[PDB]
Amino acid sequence: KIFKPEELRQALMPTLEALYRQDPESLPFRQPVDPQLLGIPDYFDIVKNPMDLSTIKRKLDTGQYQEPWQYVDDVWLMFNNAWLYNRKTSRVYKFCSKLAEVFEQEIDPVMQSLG
Ligand SMILES: CCOc1ccc(C(C)=O)cc1NC(=O)c1cc(NC(C)=O)cc(NC(=O)c2ccco2)c1
């Protein structure tokens, strides 16, 4: 019912590492979207709440996820943002879908273990 921050981090960190391990698929996701650098100035006309792997990793490393579902919700925020902004035929959309497939495989045994 109640989780300790370090045990939560140890349970969840391998699922995040499995996303970082996807290369090149995780590359658009390893740092916050920079619309200036990427040439996509409408990004924040479309995406309300940005999220990326580096932000999730810091929240995990500083104990900000006190329930497993808060971690999962940030991962899916990252996915949903990319599916929302990018065309279904685009690199980032396809890479996002690959990451979601990987995550779905990795997170299920972990959540079964945690609750
Ligand atoms: C041009 C529009 O870019 C985007 C548009 C939208 C979104 C989102 C998340 O909604 C993300 C991006 N970012 C990328 O596509 C992107 C960014 C970086 N690195 C940096 C630091 O920006 C690297 C790569 N490299 C490869 O994907 C790659 C390399 C080799 C094979 O594949 C791609």
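Cut-offs applied
Residues numbered from 1 in each chain as written, not as in the entry; some residues may be left out. Heavy atoms only, no water. Residues with missing side-chain atoms left out of burial classes, pairs and counts. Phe/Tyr/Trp six-rings, centres within 6.5 Å; stacked < 30°, edge-to-face > 60°. Helix = DSSP H or I, 4+ residues; strand = E, 2+ residues; numbered from the N terminus. Axes fitted to C-alpha atoms, helices over the stretch in contact; angles between N-to-C directions. Parallel < 35°, antiparallel > 145°, perpendicular 65-115°, else oblique. Left-handed = near helix turned anticlockwise from the far one by under 90°. Contact = heavy atoms within 4.5 Å. Nonpolar A, V, L, I, M, F, W, Y, C, P; charged D, E, K, R; others polar.

- What the entry reports as its method is X-ray crystallography, with 1.800 Å given for the resolution.

### What about the packing of aromatic side chains?
In this description, an aromatic ring pair is defined by two values, namely the gap between the centres and the angle between the planes.
Thought 1: Applying the stated criterion across every chain, the model contains 9 aromatic pairs.
Thought 2: Between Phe79 and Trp83, the aromatic rings sit 5.9 Å apart at their centres with planes inclined by 45 degrees, giving tilted as the arrangement. Residue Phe79 and its partner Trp83 are both found in helix α5 (residues 68-85); the two are separated by 4 residues, about one turn of the helix.
Thought 3: Among the aromatic residues, those joined into a ring-pair cluster are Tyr65, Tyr71, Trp76, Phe79, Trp83, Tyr93 and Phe103.

### Points about the packing of α5 against helix α6 (residues 91-114)
Thought 1: Two elements in contact, α5 and α6, have axes whose closest approach is 10 Å; the angle formed by their N-to-C orientations is 165 degrees. In terms of axis orientation, α5 runs roughly antiparallel to α6. Note that α5 runs across α6; the crossing there is left-handed. Every residue of α6 that contacts α5 at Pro68, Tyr71, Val72, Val75, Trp76, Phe79, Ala82 and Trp83 is listed here: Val92, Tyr93, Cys96, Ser97, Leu99, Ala100, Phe103, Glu104, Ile107, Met111 and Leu114.
Thought 2: The class makeup of the residues in the contact of α5 with α6 is 17 nonpolar, 1 polar and 1 charged.

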